[PDB]
Amino acid sequence: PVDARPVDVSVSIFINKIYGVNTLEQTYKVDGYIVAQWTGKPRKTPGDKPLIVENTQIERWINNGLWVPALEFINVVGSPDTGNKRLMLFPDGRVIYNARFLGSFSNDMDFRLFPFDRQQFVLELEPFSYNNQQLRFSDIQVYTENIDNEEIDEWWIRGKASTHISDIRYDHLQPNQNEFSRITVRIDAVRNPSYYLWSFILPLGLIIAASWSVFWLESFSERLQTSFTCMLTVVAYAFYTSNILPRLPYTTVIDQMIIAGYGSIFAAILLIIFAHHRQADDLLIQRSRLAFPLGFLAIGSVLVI
Amino acid sequence: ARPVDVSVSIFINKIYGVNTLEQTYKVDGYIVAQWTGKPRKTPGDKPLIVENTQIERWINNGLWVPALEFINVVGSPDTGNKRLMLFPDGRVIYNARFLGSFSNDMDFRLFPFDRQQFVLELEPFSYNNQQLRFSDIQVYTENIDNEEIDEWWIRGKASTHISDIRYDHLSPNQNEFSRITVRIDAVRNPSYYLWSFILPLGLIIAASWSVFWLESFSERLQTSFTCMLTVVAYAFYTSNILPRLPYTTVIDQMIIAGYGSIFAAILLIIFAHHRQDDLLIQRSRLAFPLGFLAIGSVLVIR
Amino acid sequence: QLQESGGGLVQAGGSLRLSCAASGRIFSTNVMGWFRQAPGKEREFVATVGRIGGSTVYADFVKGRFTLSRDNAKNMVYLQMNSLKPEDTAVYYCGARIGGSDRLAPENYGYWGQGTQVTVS
Amino acid sequence: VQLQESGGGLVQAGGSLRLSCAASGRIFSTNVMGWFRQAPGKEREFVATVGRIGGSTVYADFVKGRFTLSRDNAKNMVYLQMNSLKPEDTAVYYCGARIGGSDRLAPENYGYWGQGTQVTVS
Amino acid sequence: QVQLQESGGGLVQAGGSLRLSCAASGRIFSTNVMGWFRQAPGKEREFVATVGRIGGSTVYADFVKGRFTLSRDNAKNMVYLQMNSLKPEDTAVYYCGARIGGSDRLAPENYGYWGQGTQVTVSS
Ligand code: NA
C-alpha cells in the first residue's frame, strides 16, 4: 500500500546577514536559517501534541527509520557551519526540519565597474541523494533583515528576493531518475560608492589636475623636475589604494584613473622636452595649459564607452 | 500546563577581537541556566554532577535539556567544559563555558572617539514562551584594576532585558519566544590615535601653509607638491593601521581637507601670479589657516 | 517630529488603538517603537519591529495583548492594545531609533512625541 | 552577436518539434545560450540552458523531462528537442545569450534576443 | 600617589572575631586593586585576600578556610576584612597594599603603597 509519489518539500530561508565578500575567490558569507517541511505517515506522539527533537537526538530517530533527507547547498564552499538543528513531528504526519547555518557561498561576480558594481548573491539548494521522482521542491519563501538606515551599510539591497524552482538533469547518471529538484534564491545588491568617491577618487583627481600645473612654471628645468615629483606622487598613491582596495584579476575604474595619471605625466614630460629641444618659441607652446587638460578629459571621455 | 521558568546567569570574562568590517566581536564567558524539573533520586540523596560527554547519556535517557541559541552569534560558538547539576528536588543547573563571535550594529564614524554597545541575545531554539520562558537574568563582568592599558573603556554595569519575540511566519498563541538581551557599553581608548595620528596630521596640514611665506612664485608652487606628497605619504600610514571601513571617519575627512587645502593653495598661488605680482593676496597667510579651521569645525558636527 | 494619538479612558478589559504619525527623513517605519511612562516610574519599552522579517519585539508585560502594525503608505505605526488593565495606565510615547545596538533601549531613540495618555480603571 | 531561431510550426497534442538557434558573431561558446518562451499575456519565462557543471542541464519546472537541450559547438548551434507537446506550450520561443550575472534562470541576465519562432499546440 | 591606613586589630581570645579596615586616599579610582597581607615575626609576608578577576569572586589564602571575608565600600574607598573563628596561628601584623601592576593578584611584588599595618594578636 506504499506511496510512490514524490515527497513535496516546502522550504523557507531566513537570511540574517550577507557579508565577508572575498573578491578574488568570488565568495561571500551567509548566516541564516533553513526550514524544510514535508508530510509523512501519521504517528503517535506524547499527548497527541507536536514532538520536538533537538540536535543529537535527531540521529537516534534516523537510526529508527525516520526519513530525514540531506539537502546540499550546491554553491557552498566547504562544509557549512551548522548550528542548532531541530525536528518537529506532528501526529498527522507533518515533519519540519529547521537549522541555523553559516557558510561561504560562491557565484559569478564581476567587479570591473568597482566601486559602482552591482552583484547577485545566490543560494542554490538541492537534495543530495533523491531525484525529483522521490523528492521535489514545492515552494520557496525568503525572509531578509529589516533595515533601518542603509547609509552605514556596505551594500544596498535593491528589490525583493527572487526565487526559482527548476529541474537539473544529469547525463552522468532506470529512466527518469537522473533529474533533481533545485531551489535558487537571488539577492540583488549595489555597492555603496561613498567611501571610494571621497577617500580615493577625489584625492586622485586633485593629484592628476595638480600635475597639469607644471605648464605654469617659467623654466624648462622647473617643468621637467616637478613632473618627476608628480610621477612620484601617483606611485605613492597607487600603493595607498592597492593596500586597501580588493584584489582582482582585472583592472577597476580606479586602476584606470591611476594609469591615466601615469600617461598624463609621461605625456607632459615628452611635451616639455620637445618644446625646449626642438627650437631655440619654447615658452609659447608651453602655453598649452588649457590644451592638455582638455586632451586628457577628451581621451578620458572615450574611455567611458 | 505552565511554561518552565528558566533562570539565566551570564559571566563575561573578555570582549575583544572587534572586526570593524564585519561588525563582529568575540566574547568569552560562562552561561548558567537553572530550572526545576520533576524530583529524582540521587546517590546519597545529594546533588549529582554530570560532566561533558556524560551529559549525552542522560539526555538519551529522557532528561530534558533545551537548546538555547545565541541569536547574534556568528557560526557555532566554541563550547568548552559543560556540566549538569541534578538536585533531588527536581532542580537542574546547566553550566557551560563558551567563546563565540557575536555581531550587532556598530558605527565607527566618530573614530577614534566612537562608542559601542556589545550585545548578547539568547533565545530558546525550539520551545516557545508557553513552554519555556526566561524568568530572570543576571550578568557579571570583569573587575577592572586600571583601564589605561585597555583598548575599550567599559561604562556602566551590564544592562539586561527580557522580552518576547513574535514571529508572523509560524501562523494559536504559539509563535512567541522568550529572549534575553545583555548590553555592555564601552568607549574607545583614544590616547594612541590622538597623539600618533591626529596630532602629526595637524602638524603636516598646518606646515603646508608655510608656502605662503616663500618669496618666489617658483618656490611656492614647487613646494606645494612636496606637501601634497606628504599628505599621500601619510595616507598609507593611516590606511595601514586604522580599521577597514565602508565609510569615512573623522581622520579620513581631515585627510581629504588636507588634499583640498594644498590643492587650493596651488590655485591661489597660480591665481596670484597672473591676476594683475599680487603679493597682497599672497599675504593669505592667515586666511588659509582660518578657512580650514572653520570648515574643520563643521566636519565634526556628528 | 512624531505625534501620538488614540489614548483616552477605557474600562478594564477594553481596547484602544494608538497611532503615531511620522514626518521627516524616515525611509521606513521600522525605526519606530512604542514606550510608556507612568507617573514616578521610568520610561519602559513596549513594542518595536524585529530585526528579521516577520518578527516583532514586545515587552514582557504585553503577553500578547498588544500588536504593533505599520502603514508605510501613510508612514505610520499603530499599537492595538487589548485586554487592558489598570497596570497599563501611563503616557504612551512614540520614538524613532537613531542608531545604537539595542531595540529595547530608550537611550537609542530620539524625536520623541508629546505622548498620549492611556487610563484604565 | 546575432541569434536566429528556427524550427517552429504547428503540431497536435503529443507531437514533436526540433528548434534550432544559430549564433553568429563573437561568442565564446554555446554554453551561454538559453531557450526562453513567451505566450500572449504571459511574461517571457525560462525554458532551458546548460548547467554549471559538465553533463548537467537546467530545465524549467514545466518541462517535466519532455524537452532536451543539445549543442553542436562546431556549427555553433543549440537544439531543443520538444516531445509530448501540450496546448499550454503554445508561445513564441526566443533564444537569448547570457550577458553575465549568476542567474541562468533570469531573463534579465540575457540579451541579443532573436526574432523568435512561433510554436502552437492544438 | 595613594596612602593606606589599617585599623581594627587588637587582642582577642582563640575563637574570637575582629574586623580590620583599610582606608585609601589619593589617585585611586577603584578598591579592586587593594589587598590584605599579614607578616608575623619569623616568617615572610604572605598573601591573605583580595578581589577576584570576575565580579562576585574573591581570592583567599589557603589558610583562611572560609573564616575571613573581604567586603567593600567603593563609595568610601574602604575595604574590610571580617576575621572570625580566629586561631593562634593568625597572629601577625596585617598590611594593606595597592596593586602596582604585573598580573598576579597573589604576589606581593605587584603591590605597593603599603600601610603602617595593624597588629592582630590571638591568645588561648
Ligand atoms: Na624634492
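Read top to bottom, the protein sequences are chains R, V, D, F and B. Each residue of the first sequence is one higher than the one before, counting from 7 in our numbering. Each residue of the second sequence is one higher than the one before, counting from -6 in our numbering. Each residue of the third sequence is one higher than the one before, counting from 2 in our numbering. Each residue of the fourth sequence is one higher than the one before, counting from 13 in our numbering. Each residue of the fifth sequence is one higher than the one before, counting from 407 in our numbering. Here a beta-carbon is modelled for each residue, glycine too, at the ideal position from N, C-alpha and C.
Cβ-Cβ distances below 6 Å link V/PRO70 to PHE91, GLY93 in the same chain, with the five nearest sequence neighbours on each side left out; the list follows chain order. Take B/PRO494, set aside five residues on each side of it, and the residues of its chain with a beta-carbon closer than 8 Å to its own are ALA420, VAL528, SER529, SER530, in chain order.
Membership of R/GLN262 in the alpha helix (DSSP H) is indicated by the continuous run 259 to 284. Within the same chain, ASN138, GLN139, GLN140, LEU141, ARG142 come within 7 Å of R/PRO12 by CB-CB distance, once the 5 residues on both sides are set aside.
Under the Cβ criterion of 9 Å, V/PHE111 is counted among the residues facing chain D. Scanning its chain for C-beta atoms nearer than 6 Å, with the 5 sequence neighbours on each side dropped, one finds around R/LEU230 the residues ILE278, in chain order. Using a Cβ-Cβ cut-off of 7 Å, F/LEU31 is close to nothing in chain R; its nearest Cβ partner there is about 18 Å away. A Cβ-Cβ separation of about 23 Å leaves D/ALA22 out of contact with D/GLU45 under the 8 Å criterion. Of the candidates R/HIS170, R/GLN43, R/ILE158, R/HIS170 places its Cα closest to the Cα of R/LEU129. For the segment 451 to 466 of chain B, the set of positions with a beta-carbon nearer than 9 Å to some beta-carbon of chain V reads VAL457, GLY458, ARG459, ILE460, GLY461, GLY462, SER463 in chain order. When the alpha-carbon of D/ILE27 is set against those of D/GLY111, D/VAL119, D/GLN118, the nearest one is in D/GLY111.
A Cβ-Cβ separation of about 5 Å places V/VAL20 in contact with V/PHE95 under the 8 Å criterion. C-alpha of V/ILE142 to C-alpha of V/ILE248: approximately 28 Å in a straight line. Against chain F, the CB of R/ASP123 has no partner CB under 9 Å away; the residue lies outside that interface. With a cut-off of 8 Å on Cβ pairs, the segment 222 to 238 of chain R is not in contact with the segment 192 to 206 of chain R, counting fewer than three such pairs. One residue list follows from the rule of a beta carbon closer than 7 Å to any heavy atom of ligand 1, given in chain order as R/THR235, V/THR219.
If the five residues before and after F/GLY37 are omitted, its C-beta is found closer than 6 Å to the C-beta atoms of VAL13, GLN14, all from its own chain and listed in chain order.
One thing to note: R/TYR103 has its Cβ within 9 Å of the Cβ of R/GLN43. Following the DSSP letters along the chain, one finds F/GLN16 inside the beta strand (DSSP E) bounded by residues 14 to 18. With respect to R/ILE158, V/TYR240 sits close: the two C-beta atoms are nearer than 9 Å. The contact set of D/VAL121 on chain V, defined by CB atoms closer than 9 Å, is empty, because the minimum CB distance reaches about 21 Å. The beta carbon of V/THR241 sits closer than 9 Å to some beta carbon of chain R. The count of Cβ pairs closer than 8 Å, one atom from the segment 500 to 518 of chain B and one from the segment 440 to 451 of chain B, reaches three, so the stretches are in contact.
Under DSSP, the beta-bridge partners assigned to V/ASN88 are V/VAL25, V/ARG76. Residue contact with chain R for F/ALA118: present (Cβ-Cβ distance below 9 Å to some residue of chain R).
What F/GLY108 touches in chain R, judged by beta-carbon distance under 7 Å, is nothing: the nearest beta carbon there is about 16 Å away. By the CB criterion at 9 Å, V/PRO81 and V/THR35 fall inside the cutoff.
Taken through DSSP and simplified to helix, strand or coil, D/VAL58 comes out as strand. Residue V/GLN47 holds the alpha-carbon nearest to the alpha-carbon of V/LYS75 among V/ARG84, V/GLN47, V/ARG159. In summary, R/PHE206 is buried, with 16 or more beta-carbon neighbours lying within 10 Å of its beta-carbon over all protein chains present. By the beta-carbon neighbour count (other beta carbons within 10 angstroms, threshold 16), R/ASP54 is exposed. Taking a 10 Å sphere around the C-beta of V/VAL291, we find fewer than 16 other C-beta atoms and assign the residue as exposed. Taking all protein chains shown into account, V/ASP138 has 16 or more neighbouring C-beta atoms within 10 Å of its C-beta and is therefore buried.
A contact between stretches requires three or more CB pairs, one per stretch, nearer than 8 Å, and the segment 155 to 173 of chain V meets this requirement with the segment 45 to 55 of chain D.
Interface criterion not met: the Cβ of R/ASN28 is under 9 Å from no Cβ in chain F.
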